[PDB]
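Chemist: Pasting an experimental structure with its sequence.
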Amino acid sequence: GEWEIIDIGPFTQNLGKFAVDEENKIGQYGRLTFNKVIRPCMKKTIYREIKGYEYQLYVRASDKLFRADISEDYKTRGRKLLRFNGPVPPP
Amino acid sequence: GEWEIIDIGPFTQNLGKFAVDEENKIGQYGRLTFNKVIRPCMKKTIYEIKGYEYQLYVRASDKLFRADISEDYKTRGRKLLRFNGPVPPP
């Protein structure tokens, strides 16, 4: 579909927690501690009717910046961590 | 500083060629070949306006890279701030 910039309020912060919680189960970067999702946060609506969303997030965790992609199902709110890249520099 | 999504028409494609041209002169990645700027493309306004930062995902040499370009509002001069890669799809 197309991308938009979205706010970094509670919903986005929970996406960040999700990413870090998924990454913690993988273990690839040791144990990360969620800090905050920072600007900018990008959302892609995937389609007359939405079927899914893709999020790109910059997450501060363990004082370092990471880039996370998350897919979400519109119908059942099912989330998958597609990518977790980092430590990346600031956007 | 408020970010916005911008489209990927000729202007953005030229920014991508600029990024690759700049990075080729820097040399960190050897000789890259510009392919395409892909969605999403982001632009941040830095404040009266001082200038802009563009974040572009640039395909070059079959690989995806993240490029940040600064532009000064008064001078209209651009700089390559970051060239990060290869990164996965955004």
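Modeler: Yes, it's here. Numbers count the residues shown, from 1 in each chain, chains lettered A, B, ... in the order given.

Chemist: in chain A, which strand has the most residues?
Modeler: strand A:34-46 (DSSP state E).

Chemist: Run through the neighbouring helices and strands of that one.
Modeler: strand A:3-6, helix A:10-26, strand A:52-61, strand B:2-6, strand B:34-46 (3 or more C-beta pairs under 8 Å, 6 or more residues apart in numbering or on different chains; DSSP states H and E). C-betas here are computed from N, CA, C, even on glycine.

Chemist: residues in contact with that strand?
Modeler: Residues outside strand A:34-46 that contact it (C-beta atoms under 8 Å, 6 or more residues apart in numbering or on different chains): A:1-8, A:12-13, A:15-17, A:20-21, A:52-63, A:65, A:91, B:1, B:3, B:5, B:40, B:42, B:44, B:90.

Chemist: strands paired with that strand, and their directions?
Modeler: Under the criterion DSSP bridges, strand A:34-46 sits next to strand A:3-6 (antiparallel), strand A:52-61 (antiparallel) in its sheet.

Chemist: If we go by neighbour counts, what in that strand is buried?
Modeler: Judged by neighbour count using 16 or more other C-beta atoms under 10 Å in any protein chain shown, the buried positions of strand A:34-46 are A:34, A:37-38, A:40-44.

Chemist: next one: that strand to chain centre, how far?
Modeler: Here strand A:34-46 is found 6 Å from its chain centre; the criterion is C-alpha atoms, centre = their mean, to the nearest Å.

Chemist: Also stretch A:1-21?
Modeler: When distances are taken as C-alpha atoms, centre = their mean, stretch A:1-21 is centred 5 Å away from the chain's centroid.

Chemist: neighbouring contacts of that stretch?
Modeler: Under C-beta under 8 Å, 6+ apart, the answer for stretch A:1-21 is A:32-34, A:36-47, A:55, A:57, A:59, A:61, A:66, A:68, A:70, A:79, A:81, A:84, B:3-5, B:39-40, B:42.

Chemist: Give me the buried positions along it.
Modeler: In stretch A:1-21, counting by 16+ other C-beta under 10 Å, buried: A:3, A:5-6, A:8, A:12-13, A:15-16, A:18-20.

Chemist: about what we covered before: any idea of the angle the longest strand of chain A forms with helix A:10-26?
Modeler: If you take axes from the mean of the first three to the mean of the last three C-alpha atoms, to 10 degrees, strand A:34-46 sits at 110 degrees to helix A:10-26.

Chemist: how far away is residue A:89 from chain B?
Modeler: 6 Å (C-beta to the nearest C-beta, to the nearest Å).

Chemist: Before I go, just wanted to say thanks for your time.
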